[PDB]
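Everything on this sheet refers to the single structure shown next.
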Amino acid sequence: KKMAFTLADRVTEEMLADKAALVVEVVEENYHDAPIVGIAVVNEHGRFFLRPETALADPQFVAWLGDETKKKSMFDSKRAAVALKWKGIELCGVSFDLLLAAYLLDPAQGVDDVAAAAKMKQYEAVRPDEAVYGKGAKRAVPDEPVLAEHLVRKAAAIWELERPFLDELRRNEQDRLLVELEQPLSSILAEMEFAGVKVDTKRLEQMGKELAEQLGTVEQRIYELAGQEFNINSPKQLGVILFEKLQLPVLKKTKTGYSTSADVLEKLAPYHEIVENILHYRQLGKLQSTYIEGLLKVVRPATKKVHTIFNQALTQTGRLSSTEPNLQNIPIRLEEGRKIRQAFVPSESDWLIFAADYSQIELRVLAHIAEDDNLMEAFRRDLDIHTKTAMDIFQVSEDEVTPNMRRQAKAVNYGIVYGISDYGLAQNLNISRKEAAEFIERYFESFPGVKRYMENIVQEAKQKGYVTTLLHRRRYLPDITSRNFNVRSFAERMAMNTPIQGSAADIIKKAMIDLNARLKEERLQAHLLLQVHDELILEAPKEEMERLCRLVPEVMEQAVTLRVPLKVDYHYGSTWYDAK
DNA sequence: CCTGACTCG
DNA sequence: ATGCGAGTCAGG
Ligand SMILES: Nc1ccn([C@H]2CC[C@@H](COP(=O)(O)OP(=O)(O)OP(=O)(O)O)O2)c(=O)n1
Ligand SMILES: Nc1ccn([C@H]2CC[C@@H](COP(=O)(O)OP(=O)(O)OP(=O)(O)O)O2)c(=O)n1
Ligand SMILES: OC[C@H]1O[C@@](CO)(O[C@H]2O[C@H](CO)[C@@H](O)[C@H](O)[C@H]2O)[C@@H](O)[C@@H]1O
Ligand SMILES: [Mg+2]
């Protein structure tokens with residue numbers, strides 16, 4: 001615990017070796033336009049600390065940073081790349097990212113800093129970030145001496161941990177997943193985040209003004225029906241109004257009291273007309289707080305752009321998550337909410353939004369992995385299982401299936417293949433439990449391969465203690481052999497779902513890499529804006545639409561080659577809303 | 001701060 | 001006990 005280093009005040013030649021562990025410290029969680037508090041470099045020649053003003057204004061250091069031939073090893077390179085972009089500097093040459101390495105080895109570890117990654121290899125010559133910066137209102141950058149040693153130790157750890165981590169990834173056959181998929185994806189996500197999505201605040205604000213009025217009307221209507229005023233957004237107060245004052249049936253209780261979830265309220269619709277109004281109120285209320293007010297709070301005034309952050313090392317299945325703001329959960333299911341999408345527009349005049357989504361993606365992936373003849377045959381015949389299920393459930397013809405019915409059927413298809421109980425299905429379709437049980441049985445009867453697969457994958461998981469995806473992503477499930485019925489059950493269902501969702505995640509990620517290269521290749525101006533799990537959203541001049549209508553679907557469909565074909569749907573328009 | 005509500009894939 | 005994976009919000 002005695003590490004010597006150089007607290008430099010000027011950049012030297014030895015600090016620019018062609019191989020180094022680099023630390024560009026951004027303390028603020030949201031690194032967009034966030035300050036860089038310090039720099040640390042560790043290479044063949046030594047350990048150095050540099051103040052941001054010093055290094056980032058140095059022509060040789062900036063050149064080194066942007067030199068792809070000068071290899072850098074880091075932890076969360078995207079954070080540094082984006083922070084540097086906001087500082088007008090280009091970062092190239094990142095050959096190793098410890099965050100992604102740790103993430104691939106075991107998502108469950110929740111590695112959020114170098115220290116946490118270090119503990120995976122019994123390395124402890126580095127402190128946790130939280131211990132150094134403190135938490136909450138106490139969070140602060142320590143005195144230079146302390147800060148300097150911290151950043152240098154983190155760089156030292158990355159320097160010493162690279163081989164051990166690559167070694168383990170190599171043994172798990174995940175080294176290519178890191179070097180050829182996640183790392184190149186990281187750079188793509190950095191570009192996407194920095195580019196941002198332009199927002200039509202004039203329109204969003206007008207929508208918010210009108211929403212407030214409509215919300216106000218529903219609010220009064222609710223108080224009138226309840227014969228009293230109360231906080232509708234308080235499940236507690238609401239419970240008293242519904243189950244005590246109004247005497248409605250209590251269909252479910254949670255640890256804190258009566259449940260007022262949407263599923264329960266919808267079931268109480270026949271008893272009082274105040275329940276439908278409350279449901280509507282909550283929807284409108286969510287639109288206002290989150291998609292109007294909340295979104296407006298994160299819009300960069302000067303450019304009218306929103307810059308989300310795609311967490312690439314968080315989900316347990318390989319998916320990405322989106323935060324501050326979350327642009328992966330913008331309304332679309334209900335027309336009222338869907339209009340929020342009219343506020344998301346191109347960043348340049350005469351540009352359009354282009355959206356492409358994978359068709360029945362996880363059913364296709366499951367057909368491949370399970371090798372279910374019927375299911376594979378269905379996709380080879382280009383059938384729509386969601387629509388068919390809709391036709392069967394609602395007892396209607398193909399042309400009588402509304403997009404809403406299809407969505408409900410969609411949830412039924414995925415719920416069944418992922419282990420929904422008869423109780424769950426019955427409650428969802430408001431049908432007899434026996435009926436639901438028969439529907440499920442009949443479902444696997446139709447797809448025996450899938451049934452066998454799910455049974456086998458659970459057994460494999462119990463023996464190996466983990467499951468894997470097509471591209472070797474991994475997830476450990478230690479609870480799978482648990483004595484407790486509940487604990488075990490959840491683990492088993494994770495064994496049934498993770499490989500499928502995870503593989504779908506592997507595919508779209510590769511599609512993004514392939515698409516990006518194709519774009520830069522054809523010198524097209526079109527560029528990715530967002531990824532929404534199984535869909536990619538781009539913007540580009542209208543003149544490039546024709547090319548994209550072929551390129552995007554193609555690249556996405558050819559990302560990987562399965563036993564069944566991949567199909568991509570796509571549309572474009574003046575706003576994200578119109579891209580339908 | 002945790003719950004339970006909304007939103008999406 | 002009762003498909004999976006996520007984030008943000010107001011109220012507790
Ligand atoms: N050293 C390696 C080897 C493989 N992979 C990932 C890349 C995606 C997938 C490619 O597997 P292949 O080697 O092409 O086939 P395989 O390993 O035989 O796969 P399978 O177990 O399904 O036969 O695994 C990796 O990340 N690192
Ligand atoms: N209720 C849902 C909806 C989606 N998903 C997962 C698997 C499908 C994936 C992508 O979502 P969708 O595109 O809505 O599903 P899809 O099968 O691709 O249906 P569509 O053909 O309309 O794209 O997310 C899920 O687990 N449960
Ligand atoms: O830079 C993203 C990277 O950092 C982690 C851990 O430090 O998450 C931080 O940043 C996220 C985006 O701003 C926040 O949602 C999160 O709260 C904050 O700790 C990793 O999880 C992530 O991969
Ligand atoms: Mg889809």
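Just so we're on the same page: letters track the sequence lines, and every chain starts at 1.
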Which part of the nucleic acid, if any, lies within reach of A:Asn329 when heavy atoms closer than 4.0 Å are counted: base, sugar-phosphate only, or nothing? base
What residues form a side-chain contact (heavy atoms from CB on, under 4.5 Å) with A:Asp372, not counting sequence neighbours? A:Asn374, A:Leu375, A:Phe447, A:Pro448, A:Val450
Which residues in residues 475-500 of chain A have a heavy atom closer than 4.0 Å to any atom of DNA chain B? none
Just one of A:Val218, A:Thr260, A:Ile222 clears the side chain to side chain contact (heavy atoms under 4.5 Å, CB included) bar with A:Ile232, so which one? A:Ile222
Interface residues of residues 203-218 of chain A with DNA chain B (non-hydrogen, below 4.0 angstrom): none
Between C:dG7 and A:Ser321, is there an OP1 or OP2 to side-chain N/O distance shorter than 4.0 Å? yes
Partner lookup for C:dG12, please. Criteria are Watson-Crick or G-U wobble with both distances under 3.5 angstrom; report none if nothing qualifies. none
Let me see the working for A:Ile353 and A:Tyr577 under side-chain contact (heavy atoms from CB on, under 4.5 Å), right down to the final yes or no. CA-CA 9 Å; A:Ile353 301 300; A:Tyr577 173 86; over 6 Å; no
Taking atom OG1 of A:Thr317 and atom CG of A:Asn497, what is their separation to the nearest 0.5 Å? 7.0 Å
By side-chain contact (heavy atoms from CB on, under 4.5 Å), which residues pair with A:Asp569, not counting sequence neighbours? A:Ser359, A:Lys567
Just call it for A:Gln427: base, sugar-phosphate, or nothing, with non-hydrogen atoms closer than 4.0 Å on any strand. nothing
C:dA6 OP1/OP2 closer than 4.0 Å to side-chain N/O of A:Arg319: no
Could you state the atom-to-atom distance from CG of A:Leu327 to P of B:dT7 in whole Å? 17 Å
Whether A:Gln288 contacts C:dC9 is assessed here as follows: a side-chain N or O lying under 4.0 Å from the phosphate OP1 or OP2. Is that the case? no
Expected output is a numbered-order residue list: members of residues 261-274 of chain A with a heavy atom under 4.0 Å from any atom of DNA chain B. What is it? A:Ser261, A:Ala262
Only pairs with both distances under 3.5 Å count, Watson-Crick or wobble alike; so what is the partner of B:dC1 in this structure? none
Which side chain to side chain donor-acceptor pair (under 3.5 Å) pairs, counting each pair once, include a residue from residues 213-222 of chain A, with sequence neighbours left out? A:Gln214-A:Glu336, A:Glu219-A:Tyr223, A:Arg221-A:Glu224
Respond yes when some side-chain nitrogen or oxygen of A:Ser234 is under 4.0 Å from OP1 or OP2 of C:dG12, and no when none is. yes
Got a sec, which residues hit ring-ring contact (aromatic ring centres under 6.0 Å, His included) with A:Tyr572, two or more places apart in sequence or on another chain? none
A:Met391: which residues meet the side-chain contact (heavy atoms from CB on, under 4.5 Å) condition with it, sequence neighbours left out? A:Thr387, A:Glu398, A:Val401
With sugar-phosphate meaning primed atoms plus P, OP1 and OP2, does A:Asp422 contact a base, only sugar-phosphate, or nothing at under 4.0 Å between heavy atoms? nothing
Got a sec, which pairs hit side chain to side chain donor-acceptor pair (under 3.5 Å) with one end in residues 437-449 of chain A, sequence neighbours left out? A:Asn413-A:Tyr443
State which residues pass side-chain contact (heavy atoms from CB on, under 4.5 Å) with A:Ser186; sequence neighbours excluded, sorted by chain then number. A:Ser77, A:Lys78, A:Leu100, A:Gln312
Using atom P in both nucleotides, what's the gap between B:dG4 and C:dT2 to the nearest angstrom? 13 Å
Centroid-to-centroid, A:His386 to A:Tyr414, below 6.0 Å? yes
With sequence neighbours excluded, tell me which residues meet ring-ring contact (aromatic ring centres under 6.0 Å, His included) with A:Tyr291. none
For nucleotides 1-3 of chain B, list the nitrogen or oxygen atoms of the protein found under 3.5 Å from its nitrogen or oxygen atoms, one pair per line.
from	atom 1	to	atom 2	distance (Å)
B:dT3	OP1	A:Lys255	NZ	3.0

Which nucleotide wins on minimum distance to the side chain of A:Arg282, given the candidates C:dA10, C:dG12, B:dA5? B:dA5
